[PDB]
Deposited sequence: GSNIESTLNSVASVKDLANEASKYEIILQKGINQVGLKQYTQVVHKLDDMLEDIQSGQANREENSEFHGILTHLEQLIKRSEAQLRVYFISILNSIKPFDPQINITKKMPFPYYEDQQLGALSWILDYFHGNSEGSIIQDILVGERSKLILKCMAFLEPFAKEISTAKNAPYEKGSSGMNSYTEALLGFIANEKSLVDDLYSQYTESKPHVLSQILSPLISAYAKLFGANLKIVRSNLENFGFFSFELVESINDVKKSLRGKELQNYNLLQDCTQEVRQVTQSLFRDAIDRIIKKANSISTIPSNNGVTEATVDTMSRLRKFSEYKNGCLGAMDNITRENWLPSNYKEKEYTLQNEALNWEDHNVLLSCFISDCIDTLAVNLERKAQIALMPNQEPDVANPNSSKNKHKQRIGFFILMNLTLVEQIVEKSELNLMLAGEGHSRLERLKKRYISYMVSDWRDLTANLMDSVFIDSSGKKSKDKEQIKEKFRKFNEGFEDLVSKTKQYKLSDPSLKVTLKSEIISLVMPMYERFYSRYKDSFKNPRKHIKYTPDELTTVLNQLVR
C-alpha cells in the first residue's frame, strides 16, 4: 500500500486488519512478526501526519489518527508485559543451596535472551531506551535482593570461618559475575550503556553489602576480645568483592573504598595492640611467682600469638605498608630487642611478620624482667637486657625466671605454625634472647672467678710469695664465694635439657680451668696442702658436677 496516496478509508481498513493480527497476541503471531506489524502502524501514522501529507481535518482523519496511536500504545504495553514476564521466569532462590550443592545460579535460555534483546532494541528504536532499561534494571534488582535476603540474616552475626559473611560474599560474587554475563549477552558488544546498566543493578547490592560489612566491623569494634581476628576474614571479603568489580563502572564505589580503609586500620591495630597487651599483662602482677616459673602473661601472650599464626595469610597480607613502628611503642629502646642490622629484605611480608613475632617475644621477656627488677629492687631504675649490670644484684634468679617463661614460648612455637613463620632470623633472635638470660644466670660466677684472678695478679708482682697466711686467705675467700654460689644455684631447677647442658658447660668452663691454675700455683706454699686447702681441683669438680645435672 502507498500510504501517501491512499484514502483514509483504505488506510483504516488496513489498520483494522493489522489489529486483528495483533489481537492474537505475541506468542501466536511470533515476537519478531508482532513488532513488525506495530512498526507498520507506526510508519503509517507518520506517513499521514507529516506536513508533507496535507489531509483534511475531519472526523474520519482524526479517527484513524487516534486509532493508530492507541493501537500502537496498547501493543507496546503488551510488549513490556511480555518483557517483564520473561525476566521473572527466574524465581528468588537461596544461593547457599547452590553454593553447597555446587550448582550454577539459574539463567535464561538462549531464546529468552533473544526475545529480551529484541524487545530492548525495539524500545531503544522508538526513543524509549531508558524506559525499558529501568524496567530491566528494576526487575533484576528486586530479584537479586530477594535471593540475598536468605543470607542477610546469617551474615549480621569467634570460630574461624564461623560467619555468614563468607557464603554471603560468595553469593554476591556469583551474582556480580552472572549479571556481567547477562549484560554482555543482552547488548551488542560495544553498546555504550552496558557499563551504566550493569552499575544500576550492582550498586544497590554493593550498598547493601557495604552496610552489613560496616555492621560486622562495628560488632568487632565492640567485643574486640573475642572478635578481634574476625577483621582478617572481612579483609579477604572486601578484597574478593573489589577484585570481582575490576573494570566495572560503579556509582557507590566510594562505599567499598571506605570499608577497605575502616577494616585496614582495625587489622593494623591488632598487631599494635598485641604489643601493648603484652606490656600491660607483664606489669599487671607486681609479684614474682615464688617458684619463678611460667606466668599468666606468657600463657596469654603465646595463646594470642598462636591465633595470629592461624591467619598467616591475613597477617602476611596485613604487613602491606605496615611497618615496625606501626606496632612498636613510641618509647622504643633498641637494646630491648634482639633485632640486628643484618640487612634483610624489609619489603618482604614474611620478613616483616617474622619480625613482629620476634618483637612480641622480646617485649614479653624484657617487660617480665623489668617487673622482676622492680619487684626485687623497688628503689632502683630497671637496667634491662644487661647481663653485666653490677647494680642488678639478682641476675641469677631473674635470668632463671625469664628462661622458665622462654621455655614455654619455645614449646608453643615448635608445636605451632609459628615455628615456620620464624624460620631463619626468627629462631636466631630467640636463641640470642635465651643466651642473654643464660648469661644472667652465669654472671655471678664470672664475678667469683674475676675476683680470684685479681687477687692472684696483685700478689704476683715481685718474687713468688712465701707468705703462707696471705695465701691461705686467698683460698678462704674463694671457698666462701664458691660455696655461697653453689648454694644459691641449687635454688633454681631448669626443666629444659638444652638449657641445663649449657648452664653446666658454661659454669664448669669458667671455674675449673682457673681453679686448676690457681691451685697448682699455690698448693706447694704448704708442706701438706690438704690441711690448708679445702678443695683439690678434682674435689671441686665433683661438687660442680653434682650441682649441674
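Taken in order along the deposited sequence, the stretches absent from the coordinates are 1-6, 164-171.
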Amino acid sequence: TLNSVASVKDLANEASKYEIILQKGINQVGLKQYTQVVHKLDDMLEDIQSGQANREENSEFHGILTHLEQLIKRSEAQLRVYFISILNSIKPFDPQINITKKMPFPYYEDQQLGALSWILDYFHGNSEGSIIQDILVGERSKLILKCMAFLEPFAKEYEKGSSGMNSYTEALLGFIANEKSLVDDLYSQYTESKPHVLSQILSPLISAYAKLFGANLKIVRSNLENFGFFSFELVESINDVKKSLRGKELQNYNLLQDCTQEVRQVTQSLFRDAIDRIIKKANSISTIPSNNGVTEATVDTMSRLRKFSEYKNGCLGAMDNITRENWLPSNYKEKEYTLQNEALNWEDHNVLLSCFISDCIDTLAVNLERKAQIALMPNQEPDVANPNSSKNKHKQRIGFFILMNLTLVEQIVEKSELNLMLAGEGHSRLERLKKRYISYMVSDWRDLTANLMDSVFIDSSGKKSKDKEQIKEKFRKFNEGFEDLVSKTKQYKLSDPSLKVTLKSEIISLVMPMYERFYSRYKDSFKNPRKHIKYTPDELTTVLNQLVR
From here on, numbers count along this sequence of modelled residues.
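The PDB entry reports B-factors from which the mean C-alpha value can be compared for 341-349 and 362-370; the larger average falls on 341-349. In this entry, 148-156 shows the higher mean Cα temperature factor of the pair 148-156 and 271-279. Looking only at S141, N386, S286, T295, the residue with the top Cα B factor in the deposited structure is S286. Comparing the listed residues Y440, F475, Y82, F227, the entry records the largest Cα B-factor for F227.
Among all modelled residues in this chain, the alpha-carbon of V511 has a temperature factor (C-alpha) in the lowest third. Per the PDB record, residue ranking by Cα B-factor puts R74 in the lowest third of the chain. The entry lists a Cα temperature factor for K312 that places it in the highest third of the chain's modelled residues. Among all modelled residues in its chain, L2 ranks in the middle third by Cα B-factor.
Sorting the modelled residues of the chain by their CA temperature factor places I97 in the highest third.
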